[PDB]
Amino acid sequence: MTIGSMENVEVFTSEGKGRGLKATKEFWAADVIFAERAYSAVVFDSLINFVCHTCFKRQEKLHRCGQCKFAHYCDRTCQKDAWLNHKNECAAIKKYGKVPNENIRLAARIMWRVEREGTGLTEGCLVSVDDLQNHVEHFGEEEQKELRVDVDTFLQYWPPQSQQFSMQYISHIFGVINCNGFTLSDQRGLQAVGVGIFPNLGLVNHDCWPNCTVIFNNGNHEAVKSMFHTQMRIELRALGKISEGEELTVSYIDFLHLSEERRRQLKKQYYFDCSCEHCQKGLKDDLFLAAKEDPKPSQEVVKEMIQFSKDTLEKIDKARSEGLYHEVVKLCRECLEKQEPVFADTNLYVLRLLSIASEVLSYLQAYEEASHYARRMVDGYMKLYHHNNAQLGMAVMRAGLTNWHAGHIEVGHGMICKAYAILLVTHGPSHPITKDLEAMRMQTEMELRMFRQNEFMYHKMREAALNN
């Protein structure tokens, strides 16, 4: 169907969850419930000269805008498509002679658009940008002060010839940005490169074990104009069967934390007490802090082990933050060794170490060791995550690659295939990441075939040498 259309959903009022979205029909895993273009989006301050301001792709050669020396693009093409939103901030930045906060730039794009369209409601919309939820009234002292400063900078940056908004509406737009931004990723889903506002997605509530997942698709342009699958957009996809009338939900955080831990994060960032089934029953918590059972550690050998792991981790962080990779590995091996007799492999402290060890070892190009930890982590992840979870998918793809690089083609291809299957649900066939994985699956198939033929030839050799 088409980007912007919300037919498959309708707004409705929840108990204490305020507004929510429900399916107007039946859905199956991988179905695109709806797509949506960003109402406004900006590049993070860190990455102003390394990411396209139109499409958010990383690239070795970008072309800066001769007029402001701020905006960068992949092509004159991405530069043209950006003009509509960039005209005003370009001319506005030259006048300010400084580049404002990323929040400030975003707030300005939102208001320039409200002005341009003389309204905050978009034609696709269930909600106008200014009616999104804003928890400003619960912002901490630092949060509030932070907002006063940006409003002031905003005022000096905001063109005098542009529609003047009241301070109340302005601080409100800032509140909305803090409680509604969607992080944007480069085309490889490697690093967060920007923040965007997607109104419709803004009506979907949270659940630690959601029935929907969201993906940002950078889009592509190579001949053949106006095509749904190549348009920059975010999509809300079904992770499984969703009945008509069922409320749609996504997860605001990563699932790999204790229910108490998740509630704390959700309460702090989204001012609410999560009441999903997983948090109320503490589902998976036993697995999250699983101890072994052949010997069965005492209640105290565990408490010491968790404390020790908590200790090792932060220590590993420091070292990693200083580029001391070998030290990081050393610390990981030692802790994993001590954990073996106590924790099972679904225990979050074990998994954390495996993921870290596997990452650094891969970076150090020690693929053989990395592939072992990578396999263990995937096996543990498989018992915790929803089988169509995007993080699980991305993690399996990575473990698959490390195994491939180490020469373990059988295990590599298998993992790559499992990842591809998951990504087809969470990212779709047209996503940049799904395409790179498909290309990888193709290469591993051929290498596996070459591996299997080599073996069958040794069998034909033994055959002939024996006369069957």
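Numbering starts at 1 and follows the sequence shown.
- On average the C-alpha atoms of 56 to 64 have higher B-factors than those of the other stretch, with 56 to 64 and 415 to 423 being the two compared.
- Relative to its counterpart among 382 to 390 and 134 to 142, 134 to 142 has the higher mean temperature factor, C-alpha atoms as listed in the PDB entry.
- Of the candidates 252, 112, 255, 83, the one whose C-alpha carries the top B factor in the deposited record is 83.
- The PDB entry gives the largest Cα B-factor of the residues 352, 318, 376, 206 to 318.
- Per the deposited record, the Cα B-factor of residue 183 falls in the lowest third when ranked against the other modelled residues of its chain.
- Remark: residue 148 belongs to the middle third of its chain, ranked by C-alpha B-factor as recorded.
- Per the PDB record, residue ranking by Cα B-factor puts residue 398 in the lowest third of the chain.
- Annotation for residue 441: C-alpha temperature factor in the middle third relative to the rest of the modelled chain, per the entry.
- In the PDB entry, residue 48 places in the highest third of its chain by CA B-factor.
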